[PDB]
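Following: one structure in structure tokens, then a few remarks.
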Amino acid sequence: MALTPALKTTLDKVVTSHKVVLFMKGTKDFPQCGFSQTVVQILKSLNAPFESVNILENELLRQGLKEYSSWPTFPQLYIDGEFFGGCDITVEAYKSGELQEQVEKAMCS
């Protein structure tokens with residue numbers, strides 16, 4: 005199967021080429037409303053880019069991105085080689101200053 009030799013290799017190339025990555029049911033050119041749009045708008049507004057990868061384009065993404073993090077369900081936020089979690093975690097952390105700190109940490113490494 006392509007998951008371990010090619011797909012995780014592609015995700016690592018995406019993660020190292022672009023420091024902020026989103027896993028959701030849409031792309032950066034065609035987003036989805038609610039949780040995904042909220043997570044995307046928060047990161048954008050903090051002052052940052054984002055690479056939204058569409059999970060529904062391949063069953064190896066839809067199944068494998070749960071194990072790539074260890075976090076259950078989507079949308080899922082990922083930064084500079086580590087996952088952050090879902091929209092509820094993102095919204096409470098942005099209000100608490102913890103996402104702001106960790107996204108700045110994802111920029112400086």
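Each residue of the sequence shown is one higher than the last, beginning at 5 in the numbering used here.
Note that CB positions come from ideal geometry on N, CA and C, so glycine has one too.
Check whether residue i and residue j have beta carbons under 9 Å apart
i: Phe27; j: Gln67; result: no
i: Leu7; j: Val57; result: no
i: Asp84; j: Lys109; result: yes
i: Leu50; j: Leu103; result: yes
Among the options, the one whose alpha carbon lies nearest that of residue i
i: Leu11; options: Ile46, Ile59 and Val44; result: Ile59
i: residue 4; options: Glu108, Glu86, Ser113 and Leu7; result: Nothing about residue 4 can be reported from this structure: the residues present for the chain run from 5 to 113 only.
i: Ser113; options: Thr8, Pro9, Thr20 and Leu7; result: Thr20
i: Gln45; options: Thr94, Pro9 and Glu102; result: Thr94
Inter-residue Cα distance where the pair is residue i and residue j
i: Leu64; j: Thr13; result: 13 Å
i: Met5; j: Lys23; result: 27 Å
i: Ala52; j: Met111; result: 9 Å
i: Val107; j: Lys17; result: 19 Å
i: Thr42; j: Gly89; result: 13 Å
i: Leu47; j: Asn62; result: 25 Å
i: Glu105; j: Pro9; result: 33 Å
i: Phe39; j: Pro76; result: 15 Å
i: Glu55; j: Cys37; result: 16 Å
Pairing CB atoms from the segment 93-100 with CB atoms from the segment 21-31, are three or more of them under 8 Å?
Segments in contact, no.
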